[PDB]
Amino acid sequence: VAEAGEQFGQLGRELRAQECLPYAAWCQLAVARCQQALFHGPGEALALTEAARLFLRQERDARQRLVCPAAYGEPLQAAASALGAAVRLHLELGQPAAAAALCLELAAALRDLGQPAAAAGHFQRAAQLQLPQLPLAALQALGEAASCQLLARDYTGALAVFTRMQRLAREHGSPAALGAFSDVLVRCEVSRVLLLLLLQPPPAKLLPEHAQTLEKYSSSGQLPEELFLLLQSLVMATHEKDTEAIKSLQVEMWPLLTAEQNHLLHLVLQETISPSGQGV
Amino acid sequence: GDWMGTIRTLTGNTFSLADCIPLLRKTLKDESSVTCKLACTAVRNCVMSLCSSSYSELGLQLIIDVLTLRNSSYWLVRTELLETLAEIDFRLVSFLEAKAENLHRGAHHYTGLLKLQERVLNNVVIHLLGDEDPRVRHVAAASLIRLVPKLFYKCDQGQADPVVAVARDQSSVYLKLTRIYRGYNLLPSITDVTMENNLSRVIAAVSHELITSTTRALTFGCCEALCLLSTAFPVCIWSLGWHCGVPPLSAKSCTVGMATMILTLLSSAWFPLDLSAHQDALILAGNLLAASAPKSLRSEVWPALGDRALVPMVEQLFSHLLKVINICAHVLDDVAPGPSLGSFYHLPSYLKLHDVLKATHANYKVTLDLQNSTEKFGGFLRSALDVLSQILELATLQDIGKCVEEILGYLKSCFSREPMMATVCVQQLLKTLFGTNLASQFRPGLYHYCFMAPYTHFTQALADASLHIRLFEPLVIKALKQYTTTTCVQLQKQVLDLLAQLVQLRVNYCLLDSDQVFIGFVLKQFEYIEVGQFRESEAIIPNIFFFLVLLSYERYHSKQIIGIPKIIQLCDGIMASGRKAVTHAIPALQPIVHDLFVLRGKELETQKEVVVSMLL
Amino acid sequence: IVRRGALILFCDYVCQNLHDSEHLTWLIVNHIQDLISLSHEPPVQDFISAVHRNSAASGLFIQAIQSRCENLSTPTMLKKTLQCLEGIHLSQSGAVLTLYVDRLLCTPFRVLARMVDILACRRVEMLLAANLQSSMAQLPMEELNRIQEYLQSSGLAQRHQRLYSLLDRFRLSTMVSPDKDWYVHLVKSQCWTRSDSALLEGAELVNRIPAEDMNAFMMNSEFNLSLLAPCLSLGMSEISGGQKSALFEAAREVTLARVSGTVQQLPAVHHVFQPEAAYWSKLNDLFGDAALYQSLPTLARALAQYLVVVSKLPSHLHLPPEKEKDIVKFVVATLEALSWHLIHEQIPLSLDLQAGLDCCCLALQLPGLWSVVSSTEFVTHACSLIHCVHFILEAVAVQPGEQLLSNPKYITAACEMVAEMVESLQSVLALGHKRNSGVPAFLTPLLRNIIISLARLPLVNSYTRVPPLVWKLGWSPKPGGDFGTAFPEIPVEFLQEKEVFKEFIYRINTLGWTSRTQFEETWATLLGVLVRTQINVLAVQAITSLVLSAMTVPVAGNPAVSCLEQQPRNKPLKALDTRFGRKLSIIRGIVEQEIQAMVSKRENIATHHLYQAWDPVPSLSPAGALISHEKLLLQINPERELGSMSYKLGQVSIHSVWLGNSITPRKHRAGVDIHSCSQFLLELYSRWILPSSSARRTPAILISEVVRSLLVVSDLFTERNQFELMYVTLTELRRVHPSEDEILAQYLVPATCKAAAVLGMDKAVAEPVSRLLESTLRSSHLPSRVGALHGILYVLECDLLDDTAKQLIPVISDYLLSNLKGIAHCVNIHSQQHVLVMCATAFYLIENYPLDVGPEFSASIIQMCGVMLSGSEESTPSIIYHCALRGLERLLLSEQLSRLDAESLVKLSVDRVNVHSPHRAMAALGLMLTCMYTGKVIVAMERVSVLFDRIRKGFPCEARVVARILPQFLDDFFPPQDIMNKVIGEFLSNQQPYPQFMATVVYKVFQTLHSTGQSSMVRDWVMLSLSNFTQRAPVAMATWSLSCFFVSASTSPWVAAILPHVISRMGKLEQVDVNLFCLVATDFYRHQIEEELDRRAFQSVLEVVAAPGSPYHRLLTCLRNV
Ligand SMILES: Cn1ncc2ccc(CNc3ccccc3[C@H]3CC3(F)F)cc21
């Protein structure tokens, strides 16, 4: 009966006014069970989302506000469980945008809490739910997934995601591109060049799309001309073995790059002077 | 310096303009919010004139220091900041940033760039759409629409640098050489690609905050911002600015933008219960679907739509509209929500919406303010009828033929509360029923801008210069009655437009006005219009003359109802008065001239000669 | 707008009036930069075209550019300049060639320097095509000499070779045996030149210099200081292999000598660096010297590489006490130099920021260097660190008009800056937070750890512990100590405010405690609050965190050095203590060390440095030092994500509680008595959760937070009576409390199981606990099921009764088989903590209960983990992939699996190496190696062909590692003759992306043939292969491949030592490359051949390719008089 659902609602509101977050969230789960018995799926998905927000708040107080070493993460498990249930509801209600929004909310919480590798999977789930109906939102979800994979140090997974983004942005944004998609294309292009200079694939791993990019730097289009000259100079200096060119370029490029791109250019110069995989 | 040297020799005063700016920079940091508000007002008075001067480094420094105020505890400091930042021209600020070498470093020797446009747009204007105060969200939404024309981005096809961008604006002013519903545009728009690029970036940033919003306040503020953008930069004119790729073409161009976000909000358990955010979402959903038109229209349900991917979206919006109009009809008739397409009793989210609307109208029933436009039940009903009127341009008799008896039932409940929009909705039903709606009737640089394009257009111009019908009766009868008992000229215009439409559909006027009472009353209004006693007559005149001119063709009712000789004697009777020609005589002549010369004899030649004697 | 527009209009005019040379001259002479800037405006392009159509105008245009070449040097202005010069008049070709060679060709922008080269080539080609009487009038011999002498003297002639050859063609139209002393000369030709190329190869060359000469070799002024960090890293790989490293001890003495010699150049008195006298003049003279400024980051890079290893060295290699003060002076001077450079000369190199911050981070972690900088003598140094770290943070992170958050006066500024920075760790320095998006990710871990260490200095610590709200509440005690900044601890009446208390808890949790006195003070303060339900809950959370902080390992109470103790449930594997197990531990240890570099979360590693992973596992005995990461190979708990150091349920195993405390069925740590703390809490909590009949009922939130606190602080319990009272209390609580509280159950169930497991799981305990576990696995609430699985894992450590195992194990096995099969095909849409703890439970049952869990269970679990591991990057997350795969390696290496289970893991391991992702392939390679060594034919030849394919298809990182392990794999599974053809073929193949990796594989394979007495076999394979080497298509790569081959084949120790030099010169064909090739081929011919029929065969192969002047013709000329 709905009267139990309103009483659990009142108990949740009062417990939230007392900062009793786990029991306020437990009351919202009791509302979701009342909505399920009434077959009110929209109300159930609402009740589950509010339960998850109270658990995410409890986790943020433990790991962000207080930095407790005893925080092993039990309210994040409760939050992710309730979000997954609300996503499952929105998908059978035929609402992939609401399902994507709850994936982005979990992905954001996981990224903030120091779990980028888990956040990248939820950002890619959001992109796939969005893509057939919201291409530009899906590109915004892939951009966060790439950002997470660089924080997780999965450079080849980031190279794959930026390559998917640039293909999607040409397909949905077009040789000139519309304002929002053009900004996606410039980010992908600069990040992919730096990742190809970091990763240095053999001819077995140069895709047509990767070779087609490195030919362009061996005509700036959407890139600003000064950055395009500096990137062409960096591709030449790394195809030579000119450490003093790469050093002098890194100082000229610093104001023009994002912090994520300045980290990529640091990794290129580091991998050039002290290569990975030698055990020294 | 030349002006200051003159006043210094005349007065002996040692004062300098550079001595003022430190006092603004001090008072922006005052402990009192009222000092801080007044200091923000003082920056609003001078910041753009400073950027336009040899002190333009100080103008740039005031823009940097005022951005602190976004975190203020007082809402009037937040709205003064928004109104201040809306005055700024970012083409000019991008020029000042590009010449700065010390100001990017500031205090503490920073190593990046100022990025002032990104900080204003994202960290202030789009951030304050999430404010818990709706007064702040409204000013943030209004400030964003003022910014779109004035943003600058690199690599733009129309303006490669900020000096070319400032020269376009300065040149564009001084070197300047049936009827479809409000959201439709069938002609190929010619658009500034730079504006369409700016609009694309703004809509992408606001729709990102919408889909990622974790608070009700930010969802509501993003809807308000997108609704007002879709009004100021119409989706049907600016379709590549609105486009997110959803219809897979131009990805003469058309779009539905992000309509799937908005329809998902309209079916949520929470979002429909805020009446202001709900009514913004209806208007935006109507505008987004109407901007598909000539590409989505054909060459079965909704048979006019060849783009079958939009049919679920149109059915969803249309069925939502019928339910929320039926809720308003129940609230106005004071009928309890219990015992076809507008049925809502079995849907708990619509029962919550009913109780919000009932409570809003209960406060209206016990109060007597009649000037307030911000009344939420009336605003909501008006927005739902407006969007239904918009969606009826895509309908056919096969879509409405099961609904028309139902909708006219709801309009009879709603007519007393929103008579003007109920009359518009009747007109769109008549267009859909009779088959007269849209569904049925279907490298640049300084040399270019500062001289060469202006001179090319001027020289080319000098070169060319050398060369179911019975169901409608009680609503038409309500409209004819209320015209005689109202002082709302906006309703009176709309009833004359309904009657003009009935006459053009060849409905017999002797069925509508058998006893001649309506023509008699319309003619008796001219006494009060001529002597200056009919308030807002300037609104009603052109509709009266268009209507009487149509009545001049109906000779076959045994006798002519009025005739051009009487319409001409009414027209110069206005013209002979002390009332201003532009609001009175000219609007009376325009219906007459197009009829007598464009559309339409031994009498007719004399009438044309008499009208030319009035034009002279 | 007017300035630009009026030039455009005046150009449009002059193009219609080209007779009027006065206006053309005035435009060129006074507005050249504006013509070049505006060259894309159509009238300006037409004007430049008219200047190209006129000889005198083109001469004015060139002379004007010469007068502005200190400008015209920004990349886009230089590009526009060359685009103007491209079309210029034929009669001005010598003048523009001069402008190219003596100004524009000197430029640092690499793409623009090739445009100058290409254009200069085109203009000298025009001068060769024109009639010579004109061309020598354009270029006098007294100019033609200058440009060539400059091209040689500036070193451009070895970069712009075509241009110099065209100037040569134009002027012609007008007018030895290898030993120690050879080896030391080869290494000084690479190691006594300033460069940052081939540093890993350069360290390997210095390592083969005799130990007597290394100190003199590294102390010479010419020695490349960039080799010190490589040498320390390479020598640490020898120390950690159980050898003495002569190179490490040489590099240590040279690093400390150069650090001391740099400090001896600073002023004799130190003043605090402030970003806002003669001392500052001395610093401008020191830091403005390009030699001294380049010396600081390069010595800092070596110092950091020594400091990051120092606590793991032999005791004679630790810091000399006499050099601790000089190290602190040097580390301070390096941040002052980086800060001075940021003020005067833009952002430093990222590697140079990193080296300064690495030294600062590592020097604050070591207790000796910490004891110096926390002293009163070092107050100005401590203030300079704080000023420089705050300055560098704002210069990177904070845009102008923003701010970070939104006594001598330098002392007070230092306090406020450290307090502002400690709050920034919530936002600006939180990795992946929205406020961190302006900090590049190489700076965030360094700055976090530096700030936590600076907040612990006696100078600023007590100030930083005061909540900022309490200064706003007007609190105003007079400070007093050696520095004048010792504030008292916050009065307990302020901590009655919720937000003041949240701010206090954050600071004590972030900073930890500096002594047992500060621990006892914060213990007293928190009990003063603990004696409103929200303040009691926060006090229970705070006291829990305080008691748990004593469990942090190498230095308790210090978050900058230490993380929480782990005592893993899994034992050492006896299979490793065998002939094949010891060889597996080497090869698998190479792979594991690279998986740690690629995938580890790195929570306990602040500094950049690969190969620095450690786990917080003490050597445990009844009552030590940390067990090395190479001894915990498959010991760390399966449910812990790699390199995560946070608290988890299962942190400390039941066997470790029994062993360390002797309670089978440490009490003082950092001088804190954790027994009196944990005994006081156990007594206090036992009264609150079982209240008397007259007391008011305890809030449910407080009951749940107290039972959570018991679950956590029971890791510090030391006596059976503590677990007995815990068990009795929680048992009575479960009897009186309402059973539907799934918010309590998630703590109560793990806690009851843990206490029952320590008490030894006897019949009166075990039946209640089994009934609690079986019912909790049916909960609606997932955290409580995860709690039941951790409870199940605690009870599985006991010697259970048969009648409790027969009851319990079927239920656990059913739950695991019902839940894993439903999720294994789509793991990403399910809770990762649920999947990880299920897999850990299944793997513990298969290893420890293989007779009670049915034979279908082991097969079914391996089949489902195979379905997870076969999923795509999106479908199976990387955390589940790596944790399942290390669990399966443990299963196989434990020897409890059947031969059919092992064969199914073989089929899995081989498929999983064939993936795009390098870290997933590297882990699957660990499983395949585990399968092959525990397995001790045509099968092995397939397995080696997977490794050769991973070198050919792989990224350089994965290919390098596969090439490091491959030599031992060949020696362990094959007679040399079976694989010798593949080894030489995969070095020669034109499909090989990495000849430089394979050169070391060929070398190691030929060295094991010499050490095993098979020196008769290397000559068979050199003589057999020589024909195929002469068929390498580029003669440079053919000559180089033979150079590697003869270096690999040689018995001579000094020729065998030069392989890194040969590898560093790949694809070069200079005179020194041909000279070396001839010598290493001569060594093979004089010593490895003796038979006259093989001397004939050797010369007969070279004759097929010995065209005149070729390196082969030089070699036959060298051989034919031996
Ligand atoms: C802010 N807020 N407050 C409550 C609440 C509940 C769910 C969501 C998730 N988002 C969503 C849920 C249902 C329907 C639509 C959407 C939007 C993505 C979109 F479609 F624009 C947000 C919420």
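In what follows, chains are A, B, ... by sequence order, proteins preceding strands, each numbered from 1. When a ligand or atom number is given, it counts from 1 through the structure's own listing order.
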Listed partners of B/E209 passing side chain to side chain donor-acceptor pair (under 3.5 Å), at least two apart: none
A/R13/A/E6 ion pair, N-O < 4.0 Å: yes
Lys/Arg-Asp/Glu bridge criterion (N-O < 4.0 Å) met for C/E874, A/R164: no
B/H278 and B/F380 aromatic centres sub-6.0 Å: yes
pair B/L151-B/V202: side-chain heavy atoms closer than 4.5 Å: yes
Side-chain touch B/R201/B/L121, heavy atoms, less than 4.5 angstrom: no
Present, as a list of atom pairs with distances to 0.1 Å, all nitrogen or oxygen contacts under 3.5 Å between ligand 1 and the protein.
residue  : atom  : partner : partner atom : Å
ligand 1 : 2 (N) : A/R53   : NH1          : 3.2
ligand 1 : 3 (N) : A/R53   : NH1          : 3.2

